[PDB]
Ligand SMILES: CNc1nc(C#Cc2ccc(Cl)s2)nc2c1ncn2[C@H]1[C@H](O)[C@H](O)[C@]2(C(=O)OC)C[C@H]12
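One chain comes next, on its own, written as structure tokens: the form deposited without this ligand.
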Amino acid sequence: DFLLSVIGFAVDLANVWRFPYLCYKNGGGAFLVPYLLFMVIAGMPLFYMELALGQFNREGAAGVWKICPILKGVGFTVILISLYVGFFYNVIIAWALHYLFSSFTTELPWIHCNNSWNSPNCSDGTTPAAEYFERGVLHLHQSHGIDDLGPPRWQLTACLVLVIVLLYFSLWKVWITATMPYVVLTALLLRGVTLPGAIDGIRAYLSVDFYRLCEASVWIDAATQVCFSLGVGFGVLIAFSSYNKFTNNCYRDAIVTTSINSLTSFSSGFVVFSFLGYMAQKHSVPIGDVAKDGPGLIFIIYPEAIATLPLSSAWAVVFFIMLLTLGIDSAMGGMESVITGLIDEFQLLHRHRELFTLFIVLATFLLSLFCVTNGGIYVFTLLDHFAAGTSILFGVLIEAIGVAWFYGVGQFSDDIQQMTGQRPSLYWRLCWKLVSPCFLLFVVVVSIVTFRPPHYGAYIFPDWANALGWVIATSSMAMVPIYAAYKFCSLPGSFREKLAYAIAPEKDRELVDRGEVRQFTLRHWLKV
């Protein structure tokens, strides 16, 4: 089935690991409003556009730009973004595998403070779960900062090797993941709702304060989260649709995938806040002082409020199995996109697919070895801030501007009506033409203007770390102007001739040679 592949990749660890984190950081309802607004405004139109554009041209993440030859660097931008994201996406899978391996006993290791990895400041005041996660799994206490990393730990490197071997051996030439995560999530939700004290947690979840909406950070977080979770801006949807039947309904597929993604995120947040409220009632603390903010919320809160219920081992086992299955598919899809795009762009290493895949896998493993050191959480934070960031928004904005303005939203609608029996309505055309590009441009400009450098707890990153992060972002962002300059210089003729052959699709060549260019008039740009 084609739908099960799109659903499997779209729903990932971002629905269950990042959404509750950003909800707890920005309060209950101050994050749900911009998220839903940006979702309806841009996420669904971009998903539909990506599916249709991939299905029609049938060339891949970079070969679809025969409709605009000069804007072809955005095809390499998405490949670079996927490669960067893969450098830290697999470490979470390694952590989940480690927890699953260590959660097969009658005495869970995060129960009390009578172990060798504890400190005299254990609550049982720091809770034993956070102390375990930070001193027996990560060994964070043996590092001073990002300038003192230390050698890699051999315990997490084995899990990294296992994940890498699985990926390579499944990518050298879905049905299980279709149902199990949803069953586990529903069981967890049913268990969490009935726990005493969860009503206050859901009350905090469904309450919005109108002072955080006036700051230009919740909107950036919501836009970035929507783009990251949906999967737009990686080049995966284009490649997926390039292999699909011509007479296929991408409208229905986009609607269903978006609805499922939103429902999954909402359920994950509801469960997390119910557990937080239960823990807060169990102890004597406010909800906002239960755990510190960071990308360890689901590794600290879940074991803590799972170790109190009867049959905790089974709950832990199913939780970590669901975590593994929900992420292996997306980790596979990203590398599939990178490899297939790079092998279809350059038809010299085509039959040499085995060696190219081996090289890509080796590079991913070697460069992800940086996050398994003693101070690897700082590298993880830096990558999580600077890999998708404003680069993904810039790429999405460039793709939308290309497809709409430089090609014709009317021409796009005519192509869709040829591929199907219907013409997209005025809502979709208006969104694509005006609504998504304007909001994306505003968000990109605001994100550049306001920096807010990353941090972990009470640790402040130095200057060179921020410089390196900005270099990482600019490396993927700067693929468009370089290829534009190369393409303009490579073409022969005069400036007018070069522009005519650079901004026109590679199908109106006879019309251009006759001297008639549609892009050189005003009705082309004033058409909605």
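Numbering starts at 1 and runs along the sequence shown.
We do not show the form solved in complex with this ligand, though everything after this point is about it.
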item: Open or blocked, once this ligand is placed by superposing site C-alphas in the entry with it bound (3+ ligand atoms within 2.4 Å of backbone or C-beta means blocked); value: blocked
item: is_contact(residue 144, this ligand) in the entry with it bound, heavy atom dist at most 4.5 Å; value: no
item: Contact flag, residue 222 vs this ligand in the entry with it bound, heavy atom cut 4.5 Å; value: no
item: Residue 295: touches this ligand in the entry with it bound, heavy atom cutoff 4.5 angstroms; value: yes
item: 4.5 Å heavy atom contact, residue 14 and this ligand in the entry with it bound; value: yes
item: Which of 377-385, 277-285, 408-416, 452-460 lines the interface with this ligand in the entry with it bound (heavy atom within 4.5 Å); value: 377-385
item: Check all three, 18, 92 and 301, heavy atom within 4.5 Å of this ligand in the entry with it bound; value: yes
item: Heavy atom within 4.5 Å of this ligand in the entry with it bound - the one residue of 138, 188, 130, 393 that qualifies; value: 188
item: Listed residue that, although this ligand is not shown, lies within 4.5 Å of it in the entry with it bound (heavy atoms), from 250, 403, 272, 305; value: 272
